[PDB]
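Structural features, examined
Listed below are the residues making up each chain.
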Amino acid sequence: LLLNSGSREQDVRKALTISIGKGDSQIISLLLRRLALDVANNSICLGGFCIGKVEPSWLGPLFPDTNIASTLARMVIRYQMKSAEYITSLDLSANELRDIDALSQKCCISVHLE
Amino acid sequence: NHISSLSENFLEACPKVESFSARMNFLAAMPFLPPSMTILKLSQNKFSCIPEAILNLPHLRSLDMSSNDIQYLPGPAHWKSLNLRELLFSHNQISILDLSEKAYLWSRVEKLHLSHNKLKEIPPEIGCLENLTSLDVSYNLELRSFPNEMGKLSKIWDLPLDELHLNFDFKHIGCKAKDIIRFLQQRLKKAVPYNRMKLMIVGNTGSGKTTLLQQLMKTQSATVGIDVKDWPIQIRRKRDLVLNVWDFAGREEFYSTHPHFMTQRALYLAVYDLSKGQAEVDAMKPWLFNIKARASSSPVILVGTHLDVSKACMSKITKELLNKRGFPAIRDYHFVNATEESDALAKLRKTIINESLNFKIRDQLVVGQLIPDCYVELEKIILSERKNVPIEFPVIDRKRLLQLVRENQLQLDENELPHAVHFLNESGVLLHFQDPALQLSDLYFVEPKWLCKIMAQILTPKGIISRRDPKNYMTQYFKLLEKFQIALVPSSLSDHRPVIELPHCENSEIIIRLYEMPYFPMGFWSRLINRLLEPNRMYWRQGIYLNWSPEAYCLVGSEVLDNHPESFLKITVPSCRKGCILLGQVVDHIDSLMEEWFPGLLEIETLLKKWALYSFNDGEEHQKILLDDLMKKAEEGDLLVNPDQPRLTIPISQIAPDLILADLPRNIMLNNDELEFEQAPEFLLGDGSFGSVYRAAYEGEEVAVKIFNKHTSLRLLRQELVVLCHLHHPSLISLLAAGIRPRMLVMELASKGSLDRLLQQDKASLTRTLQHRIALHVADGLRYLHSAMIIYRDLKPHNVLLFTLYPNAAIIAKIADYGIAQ
Amino acid sequence: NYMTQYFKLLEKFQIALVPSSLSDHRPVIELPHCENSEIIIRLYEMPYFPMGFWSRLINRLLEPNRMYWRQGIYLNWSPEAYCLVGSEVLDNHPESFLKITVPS
Ligand SMILES: Nc1ncnc2c1ncn2[C@@H]1O[C@H](COP(=O)(O)OP(=O)(O)NP(=O)(O)O)[C@@H](O)[C@H]1O
Ligand SMILES: Nc1nc2c(ncn2[C@@H]2O[C@H](COP(=O)(O)OP(=O)(O)O)[C@@H](O)[C@H]2O)c(=O)[nH]1
């Protein structure tokens, strides 16, 4: 929800380093989707972000594989008015890796890796 | 690679190679290249001669054998190839450019580089190579010639002329370099000789300056202006010679405009006024020093103009002190009565003529130079237009000049005409200033004596005056007077300095610098004050004192020293950061003034000692020790300056904050500590080779350092830095560090390289939104530069430096703002 | 060894630097403020200057790069703060003047 809204790229990058400190796959997958996925040309551009290693559970969701708040918003603005296709690019370059062997095992990624 | 010799069958079964490049390898001979080559790059190899195997490839297209020990070049009738397009032979021991056998075989040749070689003379068969684009014969220093046949190489757009003797030396340089081919072509058309030079009579305050001129041409008020005349000399050696005489004004009131009329191609006379013997010779020394500072290569023939009185051995001081001490080349001297003719006056005529015929700067004999006949026809036209235009307004409109040249059938188009009128202003026929800051692009003063009598007429608190009295061209008067350093007038302005006090006197917070010279040049102080108004400036004749605060001010005085005949120039500034900024701006202004107006000073004793002062004890400094600026600059490796013992020291930024790069805003300090960088390995040099661009890790981040070679100047570097210091746009390559030891530059590193390589190699990445983001970022940079009131003048995919390929990024494209630096 | 009595008397006699024989030519001064609204001017028109006027004035006015001359001071702290106790003369006016310029 916060990333679909306007978030600065420096903020998302710093928070990516934070969330890679306490490594949790789903959140850093969402951050990488906001940062380094270019769906228009089947492009992952995971470049200058200096991440230590890479887990296949991270970039896993990058591969293609309730109207509650809206009705609340519509009611309250009414009251406000009344009161008024594979992806073939994978680029992992400037991230200072030390062993790419984590991607080597048969994870949930290899069909995309082929 | 450290290969010595290739195998004889090394490319035996590879019959499709094209670009076999073996650069900086210890190679000696080419063993049987295949016949399918196009380009070879065999430069920096231990070659002794062009090997015969390369002379038989029937499809060779380029050849790089620069920096090789080769002597003889085979002529164009041995190459056996009909598509040669780029022969590069820089830095070789080649002597002859023999193009005489069959020169038409090289008609398709585009580039040709014979720089840095022992070439003797360019052969005149060069004119058939109709497709030359960049002929490089620079850095030879033994050529001193150009055949008139090379005016046919119209496709040439650039022609390097660095460090080589010249013949025309017409002050037009190869910055255009196609006009040079136009002049060579027009000289190939007609090639008429030329016989005209200037004779500037120089003296002071009443001497044989006009009467001597009245007797010399075999023909009384004091001079006002410079009183341009001329007289021909029919030399019987049948040489029709005319030379115009410029008897300069004598009184010191006109001494702030004579540098506008002292050129290097003239013969000067210096007049004694020998009535007051042995002192007027001593009084003549500022004139000789000014001649030396203005025209370093022009001879001066002295004349004593009172043989009616005696003090007879006044030539003793001339033979002792006036020979060679920083004074110009005194070729002769005489003594005359200068009222009626004599054997002395007759031999004065003969020596003046004989010294005129043998001027020969750089052994070129300027008295008999060669020009196209279009120049002489324009000269006759303009000299007839002087009588055709009345004395009320001899200024000539540019369109009127075009109508005059269209009134006749001269081959002068609008292209060569600026150099035409520049050369005619050089020989003193019509004065015209092509400076676009002046409104003289349509003002061409025929009969320049009118201009000199008018513009000097005005000189006939204490010194200021506003507009107070010309047919509605008064703003031309005012703009010319500003151009002539007349406007308030800097001359006749309150010679008495005031008794100024300063808020800072503790002799540690005051930076002082001296600029010791023997005399002040003629129009020095007017040019300095005019170029220094860029702040209650309470100035006088020889000072400024513009003041912003006790914390920020300046004082460009003129101190005089006890028991010192040499003059001085004392720059006082406080020692805060703003003081260093002001000092740097002032020093750069002064150096630019001397380089642009008096080159005779800054040439080899060097005639101008830039000093520096420093105190050891703060307060009661006891005559701050003078230190020359040159070896203080040479003490750059030691950033502190100390006495004979290290019990004290002073940082160089304390007493010379221009050498140490601190006068500019301190964000671009070099800071050599965290610079993980090695200029040696070419791994990092892969970030660019045409400029010395490398890759380095600095302050933890990755940078793209640029090492400056010896083609730059420190003052020019500082000029480049100050404009590059404060741009700071997100589509601009920002700077991170700059300084000395070595002269380097730390700019940001573009990851994906330039744009041209991307569209050349990886054209699948441009995807209709990356294209648009690149275009938008470049347009943002251009709009910022235009809002920076500067031009770029070279925009190309060679300069669009990319940072990422993600389309929805913050920054993608950045431009190289070093193009504004050159 | 009574030289400090000499100097103290000379200061008392308005001799001390000497205010007399001090650079009668005024310099060509410019001012940073000239828009004729931010400048307060006042005149002190008198028929002649009294004998020891300017020495007594300059001595009692040093209480700031004071670039003075015989008939002025111009002590300056800033474009925002300065003073100029000149002596202006007027066209077609025999009476002398004393022109105090200060920013507003
Ligand atoms: N800061 C930089 N980051 C990345 N690449 C750079 C940088 N500066 C230069 N380059 C590259 O290196 C090349 C050579 O640099 P440069 O000094 O500009 O030579 P040039 O552009 O060909 N013109 P010149 O300086 O006269 O040789 C450029 O064309 C770029 O491709
Ligand atoms: N009687 C005499 N007069 C001389 C001699 N040499 C110069 N003069 C005088 O010098 C004057 C010319 O001054 P000049 O230098 O030409 O004027 P300026 O160039 O404007 O300074 C004339 O009045 C001459 O009488 C000389 O040998 N004898």
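Details of the structure are given in the entry above.
Residues numbered from 1 in each chain as written, not as in the entry; some residues may be left out. Chains lettered and ligands numbered in written order. Part of a larger assembly, values for the part shown. Heavy atoms only, no water. Residues with missing side-chain atoms left out of burial classes, pairs and counts.

A closer look at the overall build of chain A
What counts, and what does not: The helix and strand labels rest on DSSP assignments: H or I over at least four residues marks a helix, E over at least two residues marks a strand, and numbering proceeds from the N terminus. Values of the radius of gyration come from C-alpha atoms, whereas the globule rule sets the reference at 2.2 Å times the count of residues to the power 0.38.
Secondary structure assignment for chain A yields four helices and two strands. From first element to last, N terminus to C terminus, chain A shows the α and β order α-α-β-β-α-α. In summary, chain A has a C-alpha radius of gyration of 18 Å against a globular reference of 13 Å for 114 residues, an excess of more than 25%. Seen through its C-alpha atoms, chain A measures out along the principal axes to roughly 60 × 30 × 25 Å.

Regarding the overall build of chain C
A tally of helices and strands in chain C yields two helices and three strands. Considered along the principal axes of its C-alpha atoms, chain C spans approximately 55 × 35 × 20 Å.

Examining the pattern of salt bridges
Residues and elements named next belong to chain B. For clarity, the threshold we go by: The salt bridge criterion pairs a side-chain nitrogen of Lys or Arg with a carboxyl oxygen of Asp or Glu, the two atoms within 4 Å.
Residue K41 pairs with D64 through a salt bridge whose shortest N-O separation is 3.6 Å. Taken as a pair, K41 in strand β1 (residues 39-41) and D64 in strand β2 (residues 62-64) lie far apart in primary sequence, 23 residues in all. The residue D588 makes a salt bridge to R715 at a minimum N-O spacing of 3.1 Å. Among the charged side chains, a salt-bridge network with shared partners connects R23, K41 and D64.

Here we look at the sheet that holds strand β30 (residues 744-748) of chain B
We apply this condition: DSSP calls a pair of strands paired once it identifies at least 2 bridges connecting them.
Taken in spatial order, the five strands of this open sheet run β26-β27-β28-β30-β29 (chain B), and their pairing is antiparallel. Both edges of this open sheet fall to β26 (675-676) and β29 (735-739) of chain B, since each of them pairs with a single strand only.

What about the interface of chain B and chain C?
Which entries qualify depends on this criterion: Should any heavy atoms of two residues lie within 4.5 Å, those residues are counted as being in contact. Under the convention adopted here, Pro, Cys and the residues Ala, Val, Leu, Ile, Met, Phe, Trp and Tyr are nonpolar, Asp, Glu, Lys and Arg are charged, and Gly plus all remaining residues are polar.
Taken together, the 19 residues of chain B in the interface contact 18 residues of chain C. Within the side of chain B that touches chain C, the residues separate by chemical class into twelve nonpolar, four polar and three charged.

Describing the packing of helix α7 (residues 373-388) of chain B against helix α9 (residues 417-426) of chain B
Residue and element names in this part refer to chain B. What counts, and what does not: Helix axes use the C-alpha atoms of the stretch in contact, all axes being lines fitted to C-alpha atoms, and the angles between their N-to-C directions lie in the range 0 to 180 degrees. Each helix crossing is assigned a hand: it is left-handed if the near helix lies turned anticlockwise from the far helix by less than a right angle, otherwise right-handed if that turn is clockwise.
At a minimum axis separation of 10 Å, α7 and α9 run at an interaxial angle of 65°. At the point where α7 passes α9, the crossing takes the right-handed sense. Along the contact surface, α7 presents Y375, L378 and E379, while α9 presents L417, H419, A420, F423 and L424. Grouping the constituent residues of the contact of α7 with α9 by class yields six nonpolar, one polar and one charged.

Remarks on the packing of aromatic side chains
In this description, an aromatic ring pair is defined by two values, namely the gap between the centres and the angle between the planes. Residues and elements named next belong to chain B. Applicable threshold: Note on aromatic contacts: the rings of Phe and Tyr and the six-membered ring of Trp form a pair at centre separations within 6.5 Å, being stacked when their planes are under 30 degrees apart, edge-to-face when over 60 apart, and tilted otherwise. Two limits define a charge over a ring: the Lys NZ or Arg CZ must be within 6 Å of the ring centre, and within 35 degrees of the ring normal.
Consider the rings of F289 and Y519, whose centres lie 5.7 Å apart with planes at 45°: the pair is tilted. Ring geometry for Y333 versus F335: centroids 5.8 Å apart, planes at 75°, classification edge-to-face. Among the aromatic side chains, those forming a connected cluster through ring pairs are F168, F183, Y194, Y375 and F423. Cation over ring: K198 sits above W246, and NZ or CZ is 4.6 Å from the ring centre. Just above the ring of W597 sits the side chain of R527; from NZ or CZ to the centre is 4.1 Å.

A word on the sheet that holds strand β15 (residues 430-431) of chain B
Residues and elements named next belong to chain B. If you trace the three strands from one edge of the open sheet to the other, you get β14-β16-β15, paired in antiparallel fashion. Sheet topology places β14 (395-396) and β15 at the edges, where each strand pairs with a single neighbour. As paired elements, β14 and strand β16 (residues 444-446) share two bridges and run antiparallel to each other. Bridge pairing in β16 places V395 opposite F445.

So, the environment of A738 of chain B
By secondary structure assignment, the location of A738 of chain B is in strand β29. Separated by 20 residues in sequence, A738 of chain B and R718 of chain B place their C-alpha atoms 9.8 Å apart.

Describing the arrangement of the chains
Taken together, the two pairs of chains in contact show their highest number of contacts between chains B and C. Taking C-alpha atoms only, the smallest gap left between chain A and chain C, which are not in contact, amounts to 43 Å.

Focus: the environment of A696 of chain B
Residues and elements named next belong to chain B. By the secondary structure assignment, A696 is in strand β27 (residues 696-698). Taking the C-alpha atoms as reference, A696 lies 8.9 Å from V746; in sequence the two are 50 residues apart. When near neighbours in sequence (up to four residues on either side) are disregarded, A696 contacts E676, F677, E701, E702, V703 and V705.

What to know about unusual backbone geometry
All names here are of chain B. Each neighbour pair has its own omega, and for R741 with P742 the value is -5°, a cis peptide bond. As for its position among the elements, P742 is in the loop between β29 and β30. In the Ramachandran plot, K80 falls in the positive-phi region, its phi being about 55° despite a non-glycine side chain. Checked against the element boundaries, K80 lands in the loop between β2 and β3 (86-88). You will see that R793, though not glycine, has its phi angle at about 75°, which is positive. Residue position: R793 is located in the loop between α19 (770-787) and β31 (800-802).

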